[PDB]
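Peer 1: Handing you a structure now.
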Amino acid sequence: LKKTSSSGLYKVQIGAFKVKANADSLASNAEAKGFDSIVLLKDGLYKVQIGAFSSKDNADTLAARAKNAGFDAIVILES
């Protein structure tokens, strides 16, 4: 009953495209490294996020891993 403060989220993102099939191939690349990929359809485009945690340190390690993995991952704090 009411626990853990909610304020912002640290998730990693390697890209977004108007095509879901493209957002699926991307999410697949991240999966290879072993990241939790996700495709969210926004009013016009599809986003590909990989690795979501409560601590930014997590997103950073993921992101950099994506870069080293061959993907342009970035960390963003969404509230």
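If you're wondering about the labels, chains in the structure tokens are A, B, ... by order shown, residues count from 1 in each chain, ligands from 1 in order shown.
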As a PyMOL selection string, which residues of chain A does DSSP assign to helix (DSSP H, G or I)?
Peer 2: chain A and resi 20-33+56-69
Peer 1: Could you pull out the strand (DSSP E or B) residues of segment 2-65 of chain A, going by DSSP on the backbone, and write them as a PyMOL selection string?
Peer 2: chain A and resi 9-17+37-42+45-53
Peer 1: Please identify all polymer residues within 10 Å of residue 22 of chain A, counting only C-alpha atoms, omitting same-chain residues fewer than 6 positions from it, and present them as a VMD selection string.
Peer 2: chain A and resid 15 to 16 28 39 46 to 48
Peer 1: Write out the residues from the selection above, keeping N, CA and C atoms, as a PDB file, in the first residue's frame.
Peer 2:
```
ATOM      1  N   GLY A  15      16.392   4.713 -31.099  1.00  0.00           N
ATOM      2  CA  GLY A  15      15.784   5.292 -32.288  1.00  0.00           C
ATOM      3  C   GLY A  15      14.270   5.200 -32.327  1.00  0.00           C
ATOM      4  N   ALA A  16      13.694   5.843 -33.341  1.00  0.00           N
ATOM      5  CA  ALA A  16      12.251   5.843 -33.567  1.00  0.00           C
ATOM      6  C   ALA A  16      11.973   6.008 -35.060  1.00  0.00           C
ATOM      7  N   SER A  28      15.236  -5.739 -31.991  1.00  0.00           N
ATOM      8  CA  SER A  28      15.845  -7.055 -32.108  1.00  0.00           C
ATOM      9  C   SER A  28      17.351  -6.972 -31.884  1.00  0.00           C
ATOM     10  N   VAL A  39       8.703  -1.302 -28.200  1.00  0.00           N
ATOM     11  CA  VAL A  39       8.243  -0.459 -29.297  1.00  0.00           C
ATOM     12  C   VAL A  39       6.952   0.266 -28.927  1.00  0.00           C
ATOM     13  N   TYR A  46       7.062   5.343 -34.345  1.00  0.00           N
ATOM     14  CA  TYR A  46       7.308   4.230 -33.437  1.00  0.00           C
ATOM     15  C   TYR A  46       8.677   4.402 -32.781  1.00  0.00           C
ATOM     16  N   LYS A  47       8.739   4.205 -31.470  1.00  0.00           N
ATOM     17  CA  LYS A  47       9.991   4.358 -30.739  1.00  0.00           C
ATOM     18  C   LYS A  47      10.553   3.020 -30.297  1.00  0.00           C
ATOM     19  N   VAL A  48      11.875   2.950 -30.241  1.00  0.00           N
ATOM     20  CA  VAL A  48      12.561   1.740 -29.827  1.00  0.00           C
ATOM     21  C   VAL A  48      13.431   2.002 -28.602  1.00  0.00           C
TER      22      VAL A  48
END
```
Peer 1: What lies within 9 Å of segment 67-70 of chain A using only C-alpha atoms, ignoring chain neighbours under 5 positions off, as JSON, numbers by chain?
Peer 2: {"A": [14, 29, 30, 32, 33, 62]}
Peer 1: Between atom CA of residue 50 of chain A and atom CA of residue 13 of chain A, what distance in Å does the model show, to one decimal?
Peer 2: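 So the two atoms, atom CA of residue 50 of chain A and atom CA of residue 13 of chain A, lie 5.7 Å apart.
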Peer 1: Could you tell me which of A:75, A:56, A:63, A:45 comes closest to residue 21 of chain A if we count only C-alpha atoms?
Peer 2: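 Using only C-alpha atoms, residue 21 of chain A sits closest to A:45.
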Peer 1: Ranking A:36, A:72, A:24, A:31 by minimum distance to residue 53 of chain A and counting only C-alpha atoms, which one comes first?
Peer 2: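 Between A:36, A:72, A:24, A:31, the residue approaching residue 53 of chain A most closely is A:36.
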Peer 1: Nearest to residue 60 of chain A: which of A:2, A:12, A:79, A:44 is it, counting only C-alpha atoms?
Peer 2: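 For residue 60 of chain A, the nearest of the candidates is A:12.
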Peer 1: Which neighbours of segment 3-6 of chain A fall inside 10 Å, counting only C-alpha atoms, when residues of the same chain fewer than 2 positions from it are skipped, and could you give them as a ChimeraX atom specification?
Peer 2: /A:1,8-9,54,79
Peer 1: Using only C-alpha atoms, which residue out of A:49, A:41, A:18, A:7 lies closest to residue 71 of chain A?
Peer 2: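 The closest residue to residue 71 of chain A is A:49.
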